[PDB]
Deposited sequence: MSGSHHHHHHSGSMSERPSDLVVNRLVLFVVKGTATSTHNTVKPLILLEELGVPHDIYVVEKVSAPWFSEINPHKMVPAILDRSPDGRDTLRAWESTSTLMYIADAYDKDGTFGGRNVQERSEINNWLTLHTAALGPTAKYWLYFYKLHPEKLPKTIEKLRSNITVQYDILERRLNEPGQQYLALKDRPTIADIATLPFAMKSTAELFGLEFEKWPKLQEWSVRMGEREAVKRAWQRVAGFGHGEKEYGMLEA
C-alpha cells in the first residue's frame, strides 16, 4: 500500500495539514459540522499532500479529505474538498436534517448557498458580500439558506464572510452590517469556536504529522 501504519479507519478520519493562516480556510468547514453533530472522528495531519498514498484518497492533492467506514461496515468511503465533505457528513450523520435539510424545499435553498487584478478579485468579492447582505436583510432571514437555523450553506460561507478575511482583501466588513451580525452570531456558536481553535493547532500539538490521539 505504501500508506503509513498509523493510518487506520475505525471511525471518520478528517485529513488536514499543519495549521497556518492560509491552510485552515477549507478544513474548518467539515470540522464545524463534526463538532455541531458530535460525530466521533480522528484527525490525520498529512506531512505532504503530494505523497502518492494521499493522492489515492484525494487525487486533487488537497485537504480537507475524509476516509470513513461505510454504513454496512464492509468497505471504506472517501469524500474530498469542503463542499463534498459537508454533503457526506450531513448524509451519514445528520439524520434529523438539522444542517443538511429535512425536505426537498429546505435542501433546494441550502444547495443554492452551498454551491455559491486585485480590484477584479476585490470587486467580485464585494459583489458576493452584496448578494449575502441582500439575503440577510430579507424579513426573518437570520441565516443564508433557512430563516430559523444555520445549515451547511452557512458553514461553507463563514470562512469567506468574516472580519479577518474581509481585512485580507482590504475591505471594511462593517459596510455589510447584516452579514457582520450573521458572521459574529455564527462565531458565538460552541461548535464553531472549537473548530477555529482546533484547526489552527493541528500539527503543533504532541504529534507533528500522522494520526493525532490529541
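Peer 1: Which runs of the deposited chain sequence never show up in the coordinates?
Peer 2: Sequence ranges with no C-alpha atoms are 1 to 14, 131 to 155.
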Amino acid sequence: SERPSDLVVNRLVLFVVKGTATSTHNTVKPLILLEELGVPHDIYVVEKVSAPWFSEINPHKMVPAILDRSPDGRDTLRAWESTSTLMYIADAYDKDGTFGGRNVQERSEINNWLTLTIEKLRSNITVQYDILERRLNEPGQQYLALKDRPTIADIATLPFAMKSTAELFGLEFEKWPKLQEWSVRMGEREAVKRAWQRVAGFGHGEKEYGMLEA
From here on, numbers count along this sequence of modelled residues.
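Throughout, rigid core stands for the largest set of C-alpha atoms superposing within 1.5 Å between the two forms.
Peer 1: Looking at C-alpha RMS in 6 other deposited structures of this protein with the core superposed, is it 186 to 194 or 18 to 26 that drifts more?
Peer 2: Once the core is superposed, the stretch further away in 6 other deposited structures of this protein is 18 to 26.
Peer 1: Following superposition on the rigid core, is the mean squared CA displacement, expressed as RMS, greater for 134 to 142 or for 118 to 126 in 6 other deposited structures of this protein?
Peer 2: Stretch with the higher C-alpha RMS distance in 6 other deposited structures of this protein: 118 to 126.
Peer 1: Where do the C-alpha atoms have the higher mean temperature factor in this entry, in 182 to 190 or in 152 to 160?
Peer 2: According to the entry, 182 to 190 carries the higher average C-alpha B-factor.
Peer 1: Mean C-alpha B factor from the entry: is it higher for 142 to 150 or for 26 to 34?
Peer 2: Comparing 142 to 150 with 26 to 34, the higher mean C-alpha B-factor belongs to 142 to 150.
Peer 1: Looking at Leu171, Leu67, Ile43, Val63, which has the biggest Cα B factor in the entry?
Peer 2: Among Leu171, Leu67, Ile43, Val63, the highest C-alpha B-factor in the entry belongs to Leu171.
Peer 1: Checking the record values for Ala51, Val39, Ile57, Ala166, which has the greatest CA B factor?
Peer 2: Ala166 has the highest C-alpha B-factor of those listed.
Peer 1: Using the temperature factors of the C-alpha atoms in this entry, rank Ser108 within its chain: lowest, middle or highest third.
Peer 2: Middle third, going by the recorded CA B-factors of the chain.
Peer 1: Which third of the chain holds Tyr88 when residues are ordered by C-alpha B factor: lowest, middle or highest?
Peer 2: For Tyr88, the deposited C-alpha B-factor lands in the lowest third.
Peer 1: Quick check on the deposited entry: does the C-alpha B-factor of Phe99 sit in the lowest, middle or highest third of its chain?
Peer 2: Middle third by C-alpha B-factor.
Peer 1: Looking at the entry's B-factor column for C-alpha atoms only, identify whether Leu132 ranks in the lowest, middle or highest third of its chain.
Peer 2: Middle third - that is where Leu132 ends up once the chain's C-alpha B-factors are sorted.
Peer 1: By the recorded C-alpha temperature factor, relative to the other modelled residues in its chain, which third is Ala79 in?
Peer 2: Lowest third - that is where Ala79 ends up once the chain's C-alpha B-factors are sorted.
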